[PDB]
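Q: below you'll find the sequence and an experimental structure to go with it.
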Amino acid sequence: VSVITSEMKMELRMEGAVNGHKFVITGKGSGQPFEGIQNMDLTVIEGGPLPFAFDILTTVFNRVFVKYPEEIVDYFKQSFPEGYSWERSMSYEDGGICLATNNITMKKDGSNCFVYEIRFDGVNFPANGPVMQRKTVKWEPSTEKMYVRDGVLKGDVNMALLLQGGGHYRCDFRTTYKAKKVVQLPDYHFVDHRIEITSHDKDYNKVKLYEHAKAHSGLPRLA
Amino acid sequence: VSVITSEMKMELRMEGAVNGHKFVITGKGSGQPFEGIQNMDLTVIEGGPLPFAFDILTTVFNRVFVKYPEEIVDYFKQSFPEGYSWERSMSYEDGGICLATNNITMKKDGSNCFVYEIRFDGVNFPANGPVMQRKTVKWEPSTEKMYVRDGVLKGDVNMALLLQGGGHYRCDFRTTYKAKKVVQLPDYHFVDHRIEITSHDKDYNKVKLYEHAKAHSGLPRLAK
Ligand SMILES: [Mg+2]
Ligand SMILES: [Mg+2]
Ligand code: NA
Ligand code: NA
């Protein structure tokens, strides 16, 4: 049985470092779990102005916000109220790499609100690279491949940051999702994503985010 | 000019998390920079008993402790007293991966003491893997390849953890060393290493570490 409802909020706190630069970011928002859409506002409270592209952080700021077809098992909506946590490695093509974790829980006061505890760490970003030089434009939409591995769920996705001077900067995501309780495991499937920074101030101390995501079973064999 | 001396101590604090498990470790020791040997004692002050193999942390607990021949430029001994920092990605063959940073400075009192500020983070280690199951024996000795890249120094090394059930568990290190001041840059070279946990209690809350390292320019082209 799922305790998820049509309108739910989320509050989060991210603590991290990129190339040794520490920072803390908090955020709050709301989303529609069954429609796979969500929005939130982020605030850099420590470490601002960030010397790296804010885009490397956006996919860290919850797969519960995915419209899952009735025929596909929803690993995430089943996990609450206890929740789940996830770990992820984000390997960029120029050697830069980031690791992140998010422990997601649900308030039991009936406020239909998620709480995220996030850690983000990145190293080896070249000084003249698009991340440290903040030359990224956005993440392109993507299709994450979901598959079970040793009782837990893995999600792999080929990501790409569109660059200001044109062209793309690739990053490979390897995420492991871990439900805090026993839930039904899904068969191999996909989750299409489209994340966007809808608004931000000059130094990205204030950022508005939006994401639309929908799960599916791939292209039908019949045209 | 180098301010490095024969006998120097080091104090450190490591804060980190592995698969979401937080921990804090402090340590203190002493070493001989010119001889490339050092020893230290570590204490887990938070997060114990660690649920993962302590070995994944040992190479994070200073390339100043390397015997450098006179012919090879020593990027590290040149950097002090200001010091240097390093960043590293440690990619294991089963998908597990750790990132670490170490900011190294020298005491402000002439006590010949280094101070390390360390952050360690690892994720994606399989529950049944040698790290989470603590089936590692030790790191095998290694040879790190040092090369300059965009004004800073890179060090890449093929590492391997000997496992209890025999066989090895490979990890590829990618380190970037950044001097806090302008120093002379070295030509491509190598640093041989041999790190070992010389003593530890049952749950590794207390650990004694030793490392011997020496730089060189590779095998001579002429045999004999
Ligand atoms: Mg922008
Ligand atoms: Mg042992
Ligand atoms: Na399914
Ligand atoms: Na040299």
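A: Yep, it's here. Numbering: from 1, shown residues only, chains lettered A, B, ... in the order given. Ligands and ions are numbered 1, 2, ... in the order given.
Q: which residues of chain A fall in helices?
A: A:55-58, A:75-79 (DSSP state H).
Q: make CSV out of the ones you listed and add mean neighbour count and distance to residue A:99.
A: For every residue, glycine as well, the C-beta is placed using N, CA and C. As requested, those are arranged in CSV below (neighbours: other CB atoms under 10 Å in any protein chain shown; distance: least, CB to CB, whole Å):
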stretch, mean neighbour count, distance to residue A:99
helix A:55-58, 22, 12
helix A:75-79, 23, 21
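Q: for those helices, which one sits closest to ligand 3?
A: helix A:75-79 (9.0 Å; CB to the ion).
Q: burial check on residue A:82, number of neighbours?
A: Per other CB atoms under 10 Å in any protein chain shown, the neighbour tally for residue A:82 reads 15.
Q: before we move on, back to that, ligand 4 is nearest to which of the helices of chain A?
A: helix A:55-58 (34.6 Å).
Q: follow-up on the earlier one: can you list the helices of chain A in a markdown table and add distance to ligand 3?
A: Below are the helices of chain A laid out as a markdown table (distance: least, CB to the ion, whole Å):
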| stretch | distance to ligand 3 |
| --- | --- |
| helix A:55-58 | 28 |
| helix A:75-79 | 9 |
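Q: what's the closest of those helices to residue B:219?
A: With CB to CB, the closest approach to residue B:219 among the helices of chain A belongs to helix A:55-58: 41.1 Å.
Q: that closest one vs chain B: in contact?
A: No - using CB under 8 Å from any CB of the partner chain, we find that helix A:55-58 stays clear of chain B, coming within 13.3 Å at best.
Q: what sits against the most centrally placed residue in chain A?
A: For chain A, the residue nearest the mean C-alpha position is residue A:59 (3.2 Å; CA atoms, centre = their mean). With contacts defined as CB atoms under 8 Å, 6 or more residues apart in numbering or on different chains, residue A:59 is in contact with A:90, A:139, A:159, A:173, A:195.
Q: what about the first one, neighbour count?
A: What that stands for is residue A:90. 21.
Q: from ligand 4, how far out is it?
A: 35 Å (CB to the ion, to the nearest Å).
Q: what's across from that residue in the sheet?
A: residue A:98, residue A:173 (DSSP bridges).
Q: all strands of chain A, in order?
A: Here chain A has its strands, by DSSP state E, at A:8-18, A:21-32, A:37-46, A:84-92, A:97-106, A:113-123, A:136-139, A:142-149, A:152-163, A:168-179, A:189-200, A:206-216.
Q: hang on, the earlier thing: which one of the contacts of residue A:59 sits closest to chain B?
A: residue A:90 (10.3 Å; CB to the nearest CB).
Q: separation between residue A:39 and ligand 3?
A: Taking CB to the ion, one finds residue A:39 at 28 Å from ligand 3.
Q: same check on residue A:209?
A: 28 Å.
Q: that residue contacts residue A:37, doesn't it?
A: No - using CB atoms under 8 Å, residue A:209 makes no contact with residue A:37, being 11.4 Å away.
Q: looking at the two, which is more packed in?
A: residue A:209 (22 against 18).
Q: let me have the contacts of residue A:59 in a markdown table, extended by distance to residue A:102.
A: Formatted as a markdown table, the contacts of residue A:59 follow (distance: CB to CB, whole Å):
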| residue | distance to residue A:102 |
| --- | --- |
| A:90 | 13 |
| A:139 | 17 |
| A:159 | 17 |
| A:173 | 13 |
| A:195 | 15 |
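Q: drop anything exposed from the residues you listed.
A: A:90, A:139, A:159, A:173, A:195 (16 or more other CB atoms under 10 Å in any protein chain shown).
Q: give me the residues contacting stretch A:124-138.
A: A:18-19, A:51-53, A:55-56, A:92, A:94-97, A:122, A:161-165, A:169, A:196-197, B:87-89, B:150-152, B:174, B:176.
Q: oh sorry, the question was meant for stretch A:29-36
A: For stretch A:29-36, contacts defined as CB under 8 Å, 6+ apart pick out A:4-10, A:37-41, A:64-68, A:77, A:209, A:212-215.
Q: count the residues that sit near residue A:39.
A: 15.
Q: that one - nearest residue in space that isn't next to it in sequence?
A: In space, and not counting its chain neighbours, residue A:39 is closest to residue A:210: 4.9 Å by CB to CB, 6 or more residues apart in numbering or on different chains.
Q: my guess is the one you found contacts residue A:195, does it?
A: Yes - contact criterion CB under 8 Å: residue A:210 and residue A:195 qualify, at 7.3 Å.
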